[PDB]
Structure formats: C-alpha cells, structure tokens
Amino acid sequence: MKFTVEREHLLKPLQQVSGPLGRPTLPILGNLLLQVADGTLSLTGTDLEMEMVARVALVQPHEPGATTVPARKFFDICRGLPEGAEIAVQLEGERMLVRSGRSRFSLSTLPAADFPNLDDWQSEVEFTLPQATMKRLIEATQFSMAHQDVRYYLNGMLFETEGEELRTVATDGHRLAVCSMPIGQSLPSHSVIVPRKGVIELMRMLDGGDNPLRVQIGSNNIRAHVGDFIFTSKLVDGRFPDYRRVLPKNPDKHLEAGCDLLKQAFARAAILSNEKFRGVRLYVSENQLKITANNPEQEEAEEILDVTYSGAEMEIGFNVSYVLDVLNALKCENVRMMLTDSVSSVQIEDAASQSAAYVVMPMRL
C-alpha cells in the first residue's frame, strides 16, 4: 500500500472519519482503516455501533493495499504539516511510514483483516432530501434526547417516515420534541431509533453546501451518503414512545408572545431559581404573563411581559432549563404556548409553523 496525497485533500476526511472515536476501549478501535483500491483511498472509523467512511480520489501514483493506524496521531501529523504539503505514505508490515518534505513518521499498525466490519444489510426504504432539511430535523429535537438513561431507547432519536414526511422525535420522559418535514416522495411506514452518537455524526457530516443527502434504512441499520462520505449506524433495538399519545388532547388556553422577549425573561428569572430544581412559576392573565422565581434562600425574581392571552387565569410551574431549551431551539419571531391546567403538560410551537412541537411536563414546585 502506497499513496501520496496533498495535505488538504486528506485533512477533512480524516477529521470526519475520526468522529466515532479520547480513550479507546481497545487499541484497534482508536485506529482508522486505510484502503487503497481502484484509484481511491478509503478511510474508515468505527465504534462498533456505527462507522464513518470517506473516499479520497488519488491523482498521484499509488499502490493498492490496506492497514490500520492510530487515528489521532495520523490526523495530528497531517494537520501539523505546512499548507499544501505532499503527504507520502507506505505500508511496511507492523509500521506505516509517512513522509512529507524532510518530516518522517513511523506509526504502529494493526491488520486491516482485524478491523471490525459492520455487517452487510438490506435497505427497505431509500430517499433523498436536502442537507438543510436533515439539519432542521435534528436541530429541532436533539436537545430532548435523554443522556445515559437506564431506559436505553430514550438515549437516541426516533426517525419516522410516513407518506411524504420524515419526522424526528426525542424525549427524556420529562420533555418531548417532535419535528416533521416534507420530502416530496411517498415513503413506506418505518420507525427507527438512531443512537445518540449517530445523531451527532449525521449532524457533523452536513457541510452546508448543495450536495443532497441520500438515506437508506433497513430493519437494523441506517445509512446516509453526502458527497464522498458514507455514514452507517446500527439502530437501537427497542420500541419508542408514540408522540401522538403524549400531545395534550385539548389545550384550549393559547398564549402568544415574542420568542426572544420570553427567552430573556426566563433566563433572568432562572438566576434566582432553585439551583437544583430550576423551578419558575408562570401566572397567565389577560394579555399578561408573569414569571417568578425564588430559591430556598428566599431571593425573588419577577418578570412581567405583555402577551396575547384570553383564557382563564392560571398558575403553573416549569423547569426553566426545559423551557429555555425549547425557546433556544425555535429561533423564531413568535411562540405559541398551549395550556390546559396546572397539573398538565404545555405544548409549545413556533407561532408561524406547526412543523415542530414541544411538550413539557409541569413541576409541582
């Protein structure tokens, strides 16, 4: 295996394929697989649950073969060479040599044949969509995923295809986010859970250019192709909660207000909320929202805002971090809150669109 490649054509691929990898559990999992075949250098990184592959075209002389080498060390070497450096690589059994100018490096190898390899699988649905749509879908919901919950299915994001819609859903059992976007082709009904790190990888591979994303889903795997990057993950083997059953059934009290005005008021009140429980109290009355916070030390914050509200007065408590997370994800002019009573969840949406919806349970407070 031999190749020579310009520094900048190797650098972003190395960064991308290292995504799935600080302290590898076993050494080969801290390595990348390098493969030269048919005019292409392929680079692969994996954590045993997902893999990221980059294809790099070779315009300079090369010889086929494969090995694995430490990802961080190889990336750092390539990054540290000067702009435009020509990076020559040659496999020499238990070592891989790297040379550029009068810089020389020898890296320890492990066999390509020992590199873990996600199984082949069969796609059952395939579709294309703009990068921006996938970005919107994930950014709208990712913050509501659980983190290290014993309920493993919640530490992932539901991807659901239905008719001409792709939908993401995330929840940690306290708050839920759901987003639906049209794709312009009719899809079979599929519902799959993508693991935490996989959602991060999908997000990371979106360059923000005009390349479309091609998605394939099977029973136990998902794959996304963007440019010369191919991401594949195993799916989480569980049954996700149904968002339709958690949306409040008849939330007739409707509040409308400016997103940023609400966000900044909640942020200020939060300063004097209980440090652990983060509770704020909302008092809604005719065209007015009062937000109060107090902590065990008896300090107090009060914010009064002009809003549009016609329903009955009520008082309801929320974890202010859950509210702030939603307002931060909406990034819109105006927000609608849909309330029922003091012991029931609130539904929050962009006043302009029902494409995303957020459900937050109240606090006893």
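Just count from 1 along the sequence shown to find any residue number. By rigid core we mean the largest C-alpha set that fits within 1.5 Å across both forms.
Enquirer: Quick one: core-superposed, which stretch strays further from the shown model in 8 other deposited structures of this protein, 87-95 or 173-181? Go by RMS C-alpha distance.
Expert: This comes out as 87-95, the stretch further from the shown form in 8 other deposited structures of this protein.
Enquirer: Return whichever of 226-234 or 250-258 has the larger RMS Cα deviation from the displayed form in 8 other deposited structures of this protein, where every structure is aligned on the rigid core.
Expert: Comparing 226-234 with 250-258, the larger C-alpha deviation in 8 other deposited structures of this protein belongs to 250-258.
Enquirer: May I ask whether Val17 is missing from the deposited models in at least a third of the other compared entries?
Expert: Across the compared entries, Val17 is modelled every time.
Enquirer: Does the entry skip any residues of the deposited sequence between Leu21 and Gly22, and if so, is it 1 to 3, 4 to 9, or 10 or more, or none at all?
Expert: In the deposited sequence, 1 to 3 residues between these two have no coordinates.
Enquirer: Would you mind comparing 146-154 and 164-172 for me and telling me which has the higher average C-alpha temperature factor in the entry?
Expert: Result: 146-154.
Enquirer: Could you check which stretch, 249-257 or 122-130, carries the larger mean CA temperature factor in the entry?
Expert: On average, C-alpha B-factors are higher across 249-257.
Enquirer: Just the C-alpha B-factor column, please: which of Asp325, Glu303, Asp47, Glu333 has the biggest number?
Expert: Largest recorded C-alpha B-factor: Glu333.
Enquirer: Could you say which of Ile291, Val194, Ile271, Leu206 has its CA atom at the highest B factor, as listed in the PDB entry?
Expert: Of the candidates given, the C-alpha B-factor peaks at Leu206.
Enquirer: Which third, lowest, middle or highest, does the C-alpha temperature factor of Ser355 belong to within its own chain?
Expert: Top third by C-alpha B-factor.
Enquirer: Grab the CA temperature factor for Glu299 from the record and place it in the lowest, middle or highest third of its chain.
Expert: Highest third - that is where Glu299 ends up once the chain's C-alpha B-factors are sorted.
Enquirer: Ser42: which third of its chain by C-alpha temperature factor?
Expert: Lowest third.
Enquirer: Sorting by Cα B-factor within the chain, modelled residues only, which third would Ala224 end up in: lowest, middle or highest?
Expert: Lowest third.
Enquirer: Lowest, middle or highest third: where is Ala85 by C-alpha B factor in its chain?
Expert: As the PDB entry reports it, the C-alpha B-factor of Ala85 lands in the lowest third of its chain.
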